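> Opening with a subset of the complex:
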Amino acid sequence: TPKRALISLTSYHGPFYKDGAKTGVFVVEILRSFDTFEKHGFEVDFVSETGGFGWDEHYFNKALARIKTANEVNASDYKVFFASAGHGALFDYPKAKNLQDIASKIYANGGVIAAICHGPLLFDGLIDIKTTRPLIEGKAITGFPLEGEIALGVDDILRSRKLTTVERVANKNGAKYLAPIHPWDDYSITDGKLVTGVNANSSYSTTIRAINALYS
């Protein structure tokens, strides 16, 4: 009833670049999305699979300290699930079975699922409990392209560490992946109640699309 959004973060705060900086959450995504939900009268909670997270070293507070474990969230409370990312999502989101039940339940409630950057990786095996089909099956989505990972010089890290891409998740789950012209473009999509965006540059636009999609 009252206006509630949940933002999930990646719980993975570990080795990635090599280099030796730790990946994790990219603050700017969640800040911008935090602020936009707030400015639209939304109460915003954070959550991760384990309840933990850290900041991606290669670079509100109250809601952050008060972060729920996926275990201890009432999905019915929320009109919007917003999956933020950070290369950390490459490690946990596809296995984030608890977060996935949440988003599944919010969505089966006529809630919106939104995702940016690597956030759509959560969609891997994410089942739509009303239909029993992969939730993204037959949908168009966007998300951070392989091209962006080639640009950053971390695509070797992907094939070494056997990590996946949003495009692969799209294909694997019966969805159409649609790419931005450039990896850093403000780019997002509304497909019904499934809203996705590409990066931290799209965080504003994606959170607006999620809000709008509620009235649909």
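Received it, and whenever you're ready, just let me know what you need. Numbers count the residues shown, from 1 in each chain, chains lettered A, B, ... in the order given.

> Report the contact partners of the spatially closest residue to residue A:53 that is not a sequence neighbour.
Spatial nearest neighbour of residue A:53, excluding adjacent residues (CB to CB, 6 or more residues apart in numbering): residue A:9 at 4.5 Å. Where C-beta positions appear, they are placed from N, C-alpha and C, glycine not excepted. Residues in contact with residue A:9 (CB atoms under 8 Å, 6 or more residues apart in numbering) are A:25, A:30, A:46-48, A:53, A:67, A:84, A:86, A:88.

> give me that answer again for 7 Å
A:25, A:30, A:46, A:48, A:53, A:84 (CB atoms under 7 Å, 6 or more residues apart in numbering).

> Tell me how far the closest residue to the first one other than its chain neighbours lies from residue A:62.
Once its chain neighbours are removed from consideration, residue A:25 has its nearest residue in residue A:86; the separation is 4.2 Å (CB to CB, 6+ apart). Noted for residue A:86: a distance of 20 Å to residue A:62, by CB to CB, to the nearest Å.

> In this structure residue A:88 contacts residue A:15, no?
No - counting by CB atoms under 7 Å, residue A:88 does not reach residue A:15; the two are 10.7 Å apart.

> ok, these two, which is more surrounded?
Per other CB atoms under 10 Å, whichever of residue A:88 and residue A:15 has more neighbours is residue A:88, with 26 against 14.

> Chain A: strands as residue ranges?
When secondary structure is read from DSSP state E, chain A shows strands at A:4-8, A:43-48, A:68-69, A:80-83, A:112-116, A:140-141, A:176-177, A:188-191, A:194-197.

> quick one: strands adjacent to the third one?
So the one you mean is strand A:68-69. strand A:43-48 (parallel) (DSSP bridges).

> same structure, new chain, call it chain B:
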Amino acid sequence: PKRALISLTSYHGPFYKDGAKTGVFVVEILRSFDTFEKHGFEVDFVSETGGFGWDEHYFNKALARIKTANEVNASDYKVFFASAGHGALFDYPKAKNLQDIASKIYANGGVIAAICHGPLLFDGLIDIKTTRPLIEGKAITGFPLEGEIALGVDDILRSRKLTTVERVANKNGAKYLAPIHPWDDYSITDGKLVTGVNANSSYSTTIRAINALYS
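Okay, chain B now, added to the rest:
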């Protein structure tokens, strides 16, 4: 040469009412790594996921090179040292991969050590040689319940269905032996199983582990 492996808790909180998060007590691993290096040992770190955080109440090479338990070659190491923080309360009991590494190091005549909440890692950790809980019929210390009550955190254990080192010892046919004060430097060597109470015991405990290797 002679290689130690120090595991860190993977759980970066949240834990304290007051909204602070757990993770790993930095003091422990530093002193331990130092003492290990100080005695001729190459030290690597590991956590269940390869990740970690600093417990909010609060070398770099190895630490940059921190491993995920799944990628570790156990037979490489002579000593496994489980460092903690209250983060260990959430991952250590279900840290399947770190338990597997410790079991193999032990089965090969290496030492298992742990401090603080590190001994929670022993919860259903199997001595593969005897095929029973590694800590069965052993004496161990670890952060006592008295320390959790001193800290207020005992209702948290109750609410969150967490255990204590003492319950873990019980739950595995071990004897738990308490320090007088939860903050005493206190340590035990029981064969090649070596435990210590808290950060204050980090030095003692790693000294124990180094000595137990030659027993």
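
> ok chain B is in now, so what about the contacts of residue A:9?
Residues in contact with residue A:9 (CB atoms under 7 Å, 6 or more residues apart in numbering or on different chains) are A:25, A:30, A:46, A:48, A:53, A:84.

> tell me which parts of chain A are close to chain B?
Applying CB under 7 Å from any CB of the partner chain, we find that chain A lies next to chain B at A:12-15, A:20, A:50-54, A:65-67.

> Show me which of those are buried.
A:12-15, A:50-54, A:65, A:67 (16 or more other CB atoms under 10 Å in any protein chain shown).

> Could you single out the nearest of those residues to residue A:142?
residue A:12 (22.1 Å; CB to CB).

> on that earlier part again, can you put the buried ones among the residues of chain A next to chain B in a markdown table and add distance to residue A:183?
What follows is those, written out as a markdown table (distance: CB to CB, whole Å):
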| residue | distance to residue A:183 |
| --- | --- |
| A:12 | 21 |
| A:13 | 23 |
| A:14 | 23 |
| A:15 | 23 |
| A:50 | 29 |
| A:51 | 31 |
| A:52 | 28 |
| A:53 | 23 |
| A:54 | 24 |
| A:65 | 32 |
| A:67 | 28 |
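
> okay, among those residues, which ones form the most distant pair?
Using CB to CB, the two most remote members of these are A:15 and A:65, lying 25.6 Å apart.

> which stretches of chain A form helices?
Using DSSP state H, the helices found in chain A span residues A:27-39, A:61-65, A:89-92, A:97-108, A:146-152, A:155-160, A:166-172, A:203-214.

> wait, which of those helices is closest to residue A:181?
helix A:146-152 (10.0 Å).

> Give me the buried stretch members for the closest one, please.
When burial is assessed from 16+ other CB under 10 Å, helix A:146-152 yields the following buried residues: A:146, A:148-149.

> Look up which residues are beta-bridged to the closest residue to residue A:212 other than its chain neighbours.
With CB to CB, 6 or more residues apart in numbering or on different chains as the criterion, residue A:212 has its nearest non-adjacent residue at 7.0 Å, and that residue is residue A:190. Per DSSP bridges, the residues bridged to residue A:190 are residue A:195.
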